[PDB]
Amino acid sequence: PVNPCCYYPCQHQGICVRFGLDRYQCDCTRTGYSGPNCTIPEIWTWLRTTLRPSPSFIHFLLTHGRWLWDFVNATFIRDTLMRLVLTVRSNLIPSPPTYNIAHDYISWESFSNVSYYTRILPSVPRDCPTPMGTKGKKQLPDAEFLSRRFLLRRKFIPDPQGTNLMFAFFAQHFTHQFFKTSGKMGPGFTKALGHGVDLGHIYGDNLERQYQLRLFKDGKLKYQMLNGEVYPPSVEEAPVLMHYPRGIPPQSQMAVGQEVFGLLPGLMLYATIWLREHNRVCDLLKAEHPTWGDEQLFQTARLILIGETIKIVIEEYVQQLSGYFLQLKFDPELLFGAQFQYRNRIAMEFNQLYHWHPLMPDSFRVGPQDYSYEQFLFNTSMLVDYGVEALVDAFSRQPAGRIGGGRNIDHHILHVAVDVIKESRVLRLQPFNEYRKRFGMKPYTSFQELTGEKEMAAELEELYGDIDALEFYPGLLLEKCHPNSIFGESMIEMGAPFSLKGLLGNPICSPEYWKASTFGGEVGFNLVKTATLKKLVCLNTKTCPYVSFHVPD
């Protein structure tokens, strides 16, 4: 019989619905296109497409000509373009969410059950001739061999954008609040039910964990004093599930919102920094409202820290990553005259996309010392030994690896990428070319056009058989890179829409929540508006070291 939806016949966000025994129909509703396969353009769509500049042209404009951008940033155009960046990107993501691992169709279970990761494109049907649809071979390339030949680091390729480990660990810390895949429920299921910037990696994904982390006085979190410095509490003081190597003494075990943070000094670094910020905010709130109870001081402080995150993420984190000459601005009031949905659901493709393990180097240089992976991983002493000040300085000076290009994942953590590709076939993600079309890009006609070179393309031509069979995750990390950039063109075009919908879709960005009273007055509101990475560290430390998302020079 053969399922007609395996060919992906519907174009431009049309929906393949199986009718009768062998036929199909495309629902081209509000797609801007008509006809059986949604290809005949409406008057406005045809006009827009011929007048639309290429995605690369827009990226070129945003990365060149300082004289124009010095002017733009000092004018109203900054706010006009930022609004355009917000609206155009985030509208590519369905809201309310559509599909999940169980349903390749809209249902109430896909809407209400927040334990699911959502998906933009439906899974490849289980009745297709090839696991990627119709094109390609019956068996996809070996996940170990594909990572070994194309992803394994032979030499450290530094990021030309000057990105450091301070960014890398921020990226990991920030993302692991909404990427919490369930080990028992399996792939496609999440434990971070907040689905965005909830800070559940500081406070906990569940209520009882939070209560266990809370000192229940002045709204503050629990903490311990080691060498005159404030650190996260021990397991004895806060009895919560923490993933530590079995046998390790409880005095060496620290307790934070996310279970996996104790395994890396870079992760527990930010956990300390943010904990110091929470209690600091409580002190400012208490001086402003001495009549407030413990519960209000905590909840008000959480929203301030949620606002501080989004501020730093957009104006510094994205600023370093995108390399835009356009000065980015966190201002929810930009969307106040627009049709925007203040909700978010984490997609599995955003999970796959955010596996930036190439960022990690060969070693971890802290001052005169150079620490290996076996010296750095699962180390429960390093954070206390050096302190926040010394480590933040050390991570801001060490270069990070280039994400795109290829052959840049250190062999110690390569197994992750292997499992990511394995998870992609379990989830049955559509080919890379299908996602290219979903995010408004032209699909690649050959492997030579993808990598931009002759060598690595020829081997991939033999393995996959066809370009329309190329997988999602390998495509993003093997795509040609414009010199000076951190990754390929697709990463920006696929990632930004998710990322902005997660940031600005946070309820605090809504007209209902974006008020002074929400953050306990003007003091709390200004802390959100003026927050910086530098102010996140140095205000919570004795001295102020070099702190940035980029290395010196």
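One rule holds for the numbers: they count along the sequence shown, beginning at 1. Under this definition, the rigid core comprises the largest set of C-alpha atoms superposing within 1.5 Å between the forms.
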Do the Cα atoms of 84-92 or of 137-145 sit farther, on average, from the shown structure in 4 other deposited structures of this protein when the rigid core is superposed?
84-92
In 4 other deposited structures of this protein, with the rigid core superposed, the stretch whose C-alphas stray more from the shown form, 483-491 or 506-514, is 483-491
Averaging the C-alpha B factors as listed in the entry, name the stretch that ends up higher: 366-374 or 204-212.
366-374
Mean CA B-factor: is it higher for 448-456 or for 216-224?
448-456
Using the temperature factors in the entry, find which of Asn344, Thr380, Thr300, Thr175 has the highest value at its Cα atom.
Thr380
Residue, from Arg89, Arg126, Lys311, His278, that the PDB entry assigns the highest Cα B-factor
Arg126
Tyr386: CA B-factor among chain residues, third -> highest
Looking at the entry's B-factor column for C-alpha atoms only, identify whether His12 ranks in the lowest, middle or highest third of its chain.
middle
Against its chain's modelled residues, does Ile157's Cα B factor rank lowest, middle or highest third?
highest
Sorting the chain's CA B-factors, does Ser490 end up in the lowest, middle or highest third?
middle
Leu51: C-alpha B-factor third of its chain, per the entry, is the highest
